[PDB]
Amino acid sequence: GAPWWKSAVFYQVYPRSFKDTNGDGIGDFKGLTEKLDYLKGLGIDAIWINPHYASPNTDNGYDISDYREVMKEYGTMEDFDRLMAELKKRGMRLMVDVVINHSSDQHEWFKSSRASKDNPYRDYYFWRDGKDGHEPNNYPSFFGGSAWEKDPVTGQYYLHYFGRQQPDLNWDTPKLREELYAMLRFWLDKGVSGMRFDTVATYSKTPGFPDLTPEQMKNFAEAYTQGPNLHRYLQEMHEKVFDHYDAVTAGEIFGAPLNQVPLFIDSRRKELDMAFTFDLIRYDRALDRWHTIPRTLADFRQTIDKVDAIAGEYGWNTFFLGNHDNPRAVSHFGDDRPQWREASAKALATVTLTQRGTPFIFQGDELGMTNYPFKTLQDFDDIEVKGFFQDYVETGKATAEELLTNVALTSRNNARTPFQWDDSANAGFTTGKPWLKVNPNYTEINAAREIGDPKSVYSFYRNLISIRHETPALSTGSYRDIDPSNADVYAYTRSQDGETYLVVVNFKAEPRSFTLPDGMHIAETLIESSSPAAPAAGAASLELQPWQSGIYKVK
């Protein structure tokens, strides 16, 4: 039998930018709770929320100062409990974000740890002497400069793969692991249905911390996933935690080669249930994670093919076209120009909700929200781009103008602009001043305008979700790309229990033709976007409008 999460449709809420209810410009728990009916009406089964714990917000939640307290900005523990209860009343499930590769430098564990060399919290983190007057080794950080930061109190350096205020936790210390396990139980005991593990592949560090080779240096993310005890630790966490609950686990597998992924998600291995990979979402990103590289539909579909393959029989993938760290789906994979935005957004919706795996819809993509028109430096404000300035502008590798030109297309802030609820002040997100500026296009792109319009992107998403829910093959069915080399039209089948469905999506802003495989004919049309007429029963080919998508039952 297949678990509930294989056929579930997930929705990612970024609480900071979802709904503000006290005018401070920051989204909160009360805001999310007020909007559960909206998400329920959309057809959402489960919600993944980004970190909601106590945090100095150097990385908007990903620097946690206390794992057993909620973030002051979002509300109180009572607000969280109310959120939990209100989700339960609607039969909805909650997936929380788990950030245990690192903590905030303001966490009490680290305050104690850094205070001396001989305290019981010293080995909760990684402290090392520098060498040759410099850092312990040549480890660079993802968020700028060295991954080693010297502390004048002890004269040693502490490790941080990410922000300087995000010191890595030491999984080699059994006592630390037990603290994390107890922490997970704290939230699981409250009834949490899911856990998403932030940078799950970097938990294990390399013994002795030897220097990275020049080859390794070019893509150091990979080396950070080559910890010798990685899967040993993940298996222990399952044994001591997940094996005692009925929660689904998902891993942000960052930096790891696709061929390593089955080690995380093979159900027989008793590690994680689902994989978030970077292959598709970063398929057109350069190695520096800020430059863009031109790609076609052929690249797009072939990546999906590869990702689906490693899932195999015993593993499972998530599928997403957007998250909190990426440009908007329609801007990134579609055509966000005014005359093509809605059509392409619907086409991407069709793709999202007919992939093999568990789809995650990022907040606002169901409205067809786009990239933000960056202007000022302040618009880009984010710890990652700040690191890019440190590593690329200060070093003279690139000008500020060059960086911003590119980052405008790849900025994480593209996904973090306030959710657009209506056409009131700041799109009805807040009564005050939003922490990040609202996209000006909210006047024509907002929830209120699209709910009432049956032709909207929202209604199309809602119809697709309904269709996927009623059609097992669209979730747990097999997957087959009709023509991996085709760069114009995306076409594939989903099959289960003798029932085969055909998905055809035109990725061009021009009319295209599509011929069905030999011996395959249209039986029914389930749904289409931007199509003036459904195909006749028994059709062996389709005529596609620009950006037309469709789901067909075949015979």
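All residue numbers are counted from 1 along the displayed sequence.
Stretch comparison (101 to 109 versus 205 to 213) by mean CA B-factor in the PDB entry places 205 to 213 on top. Between 225 to 233 and 436 to 444, it is 436 to 444 that carries the larger average Cα temperature factor according to the deposited entry. Each of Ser65, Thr493, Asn506, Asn50 has a CA temperature factor in the record; the biggest one is found at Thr493. In this structure the maximum Cα B-factor among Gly61, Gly498, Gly27, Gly41 is found at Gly498. In this PDB entry, the Cα temperature factor of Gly322 sits in the middle third of its chain's modelled residues.
Among the modelled residues of the chain, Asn371 sits in the middle third by CA temperature factor in this PDB entry.
For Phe254, the recorded CA temperature factor ranks within the middle third of the chain's modelled residues. The deposited CA B-factor of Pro152 belongs to the highest third of values across its chain.
In the PDB entry, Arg93 places in the middle third of its chain by CA B-factor.
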